[PDB]
Each structure stands twice: as structure tokens, then as C-alpha cells.
């Protein structure tokens, strides 16, 4: 990552700055109105204007340290961005801690422009190497990167539908008893429609050799169909500061770490807050697991967390506060029992690692690491 790519990205960004001389720029804001005043103050700016040094003025409160204020301000925008009152962002039902665009955002009639704005902010922060406590779904990170969602990502977004997809994948198409079509229901702006996944989609049956393309098409549609206009607006704001070709250098895991930064994983904390199914605390590959995880630099530790959890966010209260689809859910490890040439797999909504009974430490370590990236 730092092995070349991150650094080209800075090189390429600095090259667009060539001959841009930045200014200082006021943000006049009231304390109880920080978010909306900030919108009013910045949304009509140009992208180039938006690359200026911000300094923030809190109306009618005593003169303060500019640096401390800007930091304070970014923190407020971070939390207020995700305030349910604006109806912009909604939590992952699987991962509880992560956010995407709320399909019901249209009840705020400014939502479209607020989405462009929040896009500009996120990208300004990244541009200026300011870290935000913003934690999105991996599907959302994939959207910024222009990367397609895999059916896997559906487990924490729509459990029943994901279960539907798995069933279709593992079964013969006439074994279903019913037959599917190249179309799904979508509720955009409150309105329900059945959208085709391709021309004449509604009249094209899914078959044994259709079903992969079907699964691909339906996930994209399901994940972005209600969201289209909001995403476009977000992506508009973001790409105006960081061009799409530049940001696309990163993977989805990397992108997240870039915005919010690298998390700290206290392994005594995590270990003290782990559950086991089929394995015991002292099963040999559990001991091997802990030994393995501890041997990871913090890059790989963070990526492992993303893998098993669906986010890089460590809870403020520690891993005893770890959450999942069914509520409070500790990290847990199961022995899966399928063949040993599998990689380990995760189901993030249950904060769950499925770990095969590997024959040796070195094999487990090597195999876990593989699972952590591709």
C-alpha cells in the first residue's frame, strides 16, 4: 500500500495543485446550528475555493485558538452528518455501527444538495489529510471507488434477501419450485416499481447458467436502486475535490483507513471478549489464532478487524461493547469442518470467524492473511 501506491496518489494530487495558491476562508457558524450554518456557508463554493484554509467563527463567543476550533468543527460535522434528524444516513442493520445513504432522505427536500455538500466535506478532509470519525458500509466505500458490490456484502444490509441469493447459488434452478426473473422491486423516493435488470428483464427467466449474471445484476440494483440520485450527488461533491481516477487507486479497506485512520487493536481486550463454538479456548488452532493475530503488524490487524467485523471501528467501551445484527455480539470463532484447503470466511453481522481445522500454525497464519485482503 505504502509500497508505491499511496505515494503515487499524493504525487498525482499535488500535480493538480500546481499553481493553486490557497487562501484563508471564513466559516461563520452558530453553536446549535453548526451543520446547517456550515452548509449555508460552504455549499455554493467552487471546488477550487473549497481547497482553501478554513477558519471558523462561532457567532458571539470569545476569540479562540484557530487550530483547536477547526479540529472542534470537523468533529461536530462528523457527528452531525449522521444525525437521524436530517435523514441522510442510516445504520447497517447487520453491522449497526456503519452507515449508507438513507433511501427515505427525500422527506428532507434539500437532501440532494446536502449530499453534494457532505461529499465535499469528506473529500476536503481526505484532501487535507484530516481524519474524520466517519464509518460507512463497505458497499459505500466500494461506491466511492466505483467498485461493484458482491452478493456477500448483502448479508449485513438485507439478511433475508442474502439468504435468498445463497439458496439460489447452491441449488438447481428447477429445484427451487418457483422461477425468478431479471427484475426486482425498488422503492425510490417513496415510489415502488419493478425495475428490469436488463432489456425485457421481466420476461427473461433465471437459469442455471443465468444465475451468476442475475446475482450480479440484482445486487447492484438492490444496493443502489433507491439511492441513485443521492449517491450521484455525493459522488459529485467528492469527485470535484478528489478525482475518481485518483481515489480508485485504493481498495475499499484502504479507503476507510484513509478517512478515519488506523484503529488500535488491544489483543488482550479482544481475547478477553471472544466466544467459541465447537472450538474451546485451548483448541490448538485457537492458540495458533492468537499467536497469528499477535504476529500481525497493525495494518493487518486493522484489516482483520474489517474482515470479521465489517468495520475498522473499535467501540469506545472496548470489545465487550461489540455489536451485531442481533444486538450486543462478541467476536466469535467457529470450526467449520469443511475441507482444509478453504480460506477462513467471515459473517460480519454476527462478528464471526469460520476457521477450518488447519494442520499447522504456519498454514493457519498464511491462510488467515490471505482471507484478510482478496
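Positions refer to the first chain, counted from 1.
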Per the PDB record, is the mean Cα temperature factor higher over 71 to 79 or over 131 to 139?
131 to 139
Which of 169 to 177 and 257 to 265 has higher mean CA B factor, as the PDB entry lists it
169 to 177
Choose from 124, 116, 244, 211 the residue with the greatest Cα B-factor as stated in the PDB record.
211
Highest Cα temperature factor in the entry, among the options 201, 93, 146, 84: which one is it?
201
Considering every modelled residue of the chain and its Cα B-factor in the PDB entry, is residue 10 in the lowest, middle or highest third?
highest
Classify residue 357 as lowest, middle or highest third according to the C-alpha B-factor given in the PDB entry, relative to its own chain.
lowest
Binned into thirds over the chain's modelled residues, the C-alpha B-factor of residue 195 lands in the highest
Quick check on the deposited entry: does the C-alpha B-factor of residue 315 sit in the lowest, middle or highest third of its chain?
lowest
By the record's CA B-factor, is residue 185 among the lowest, middle or highest third of residues in the chain?
highest
